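Single chain ahead, by itself, as structure tokens, in the form deposited in one PDB entry.
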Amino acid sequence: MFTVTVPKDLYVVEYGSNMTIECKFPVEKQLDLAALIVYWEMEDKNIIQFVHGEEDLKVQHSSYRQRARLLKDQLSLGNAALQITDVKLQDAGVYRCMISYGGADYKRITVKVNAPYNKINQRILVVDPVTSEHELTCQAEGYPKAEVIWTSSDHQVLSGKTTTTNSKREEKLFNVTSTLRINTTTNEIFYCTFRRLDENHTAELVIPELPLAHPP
């Protein structure tokens, strides 16, 4: 038989990365580019439709527009590699490559998307300069859900209040917020650790000088 080979059937991919997923098919001498047909699909979405040595863009699902390319140089070496730019959680799923070249076969590939809380926004506001009470806030987005552990500079656990909402900036991604209210002094250090539930990303918060530009 003419058989499409897949060197791996499972890709774990990092949110926002580029992935290349490979279908291997036999090519002996120079390939008849005309004869070659390559389809890539994820579930019901068409990604790549390569026929008569060209792509039909008119048939590609919009969610794969500008971000999906067949590597045409690879085609000569029996390689139907699909590259997807800026991978999101919606790109997780089962991919099929379909090749017709002296016969016709398909293979399934599973893509999983890992979305870590690796990016942490922080904010330190004084609540009352007299008590020296401050509000420390860390936020990050990821999947799945995360707890936030607040630690002192001596790595003792402090109690904060966490708020988990569905991201508005993207989809399926959780937006996690924790704030620590504590009486503290300039140059004291705090850590907030995002710990996914079911990896540990830590930010350093340094207490700044009390601002002198403040109303009564």
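One-based numbering along the sequence shown.
With respect to the deposited sequence, how many residues separating residue 198 from residue 199 are not represented by coordinates: none, 1 to 3, 4 to 9, or 10 or more? Count of unmodelled residues in between: 1 to 3.
Higher mean Cα B-factor in the deposited model: 114-122 or 131-139? Mean CA B-factor is higher for 131-139.
Averaging only over Cα atoms, indicate whether 71-79 or 86-94 has the higher B-factor in the PDB entry. Comparing averages over the C-alpha atoms only gives 71-79.
B-factor third for the C-alpha atom of residue 189 within its chain: Its C-alpha B-factor belongs to the middle third of this chain's values.
Which third of the chain holds residue 27 when residues are ordered by C-alpha B factor: lowest, middle or highest? Highest third.
Would you mind ranking residue 164 by its C-alpha B-factor against the rest of the chain and naming the third, lowest, middle or highest? Middle third, going by the recorded CA B-factors of the chain.
Would you mind ranking residue 176 by its C-alpha B-factor against the rest of the chain and naming the third, lowest, middle or highest? Lowest third.
Position of residue 39 among the chain's modelled residues by C-alpha B-factor, lowest, middle or highest third: Answer is middle: the recorded C-alpha B-factor places it there.
Heads up, the form deposited in another entry isn't pictured, but that's what we're talking about next.
Given a rigid part rotating relative to another between the shown form and the other one, which candidate among 114, 171, 181, 64 lies at the hinge? The hinge between the moving rigid parts is marked by 114.
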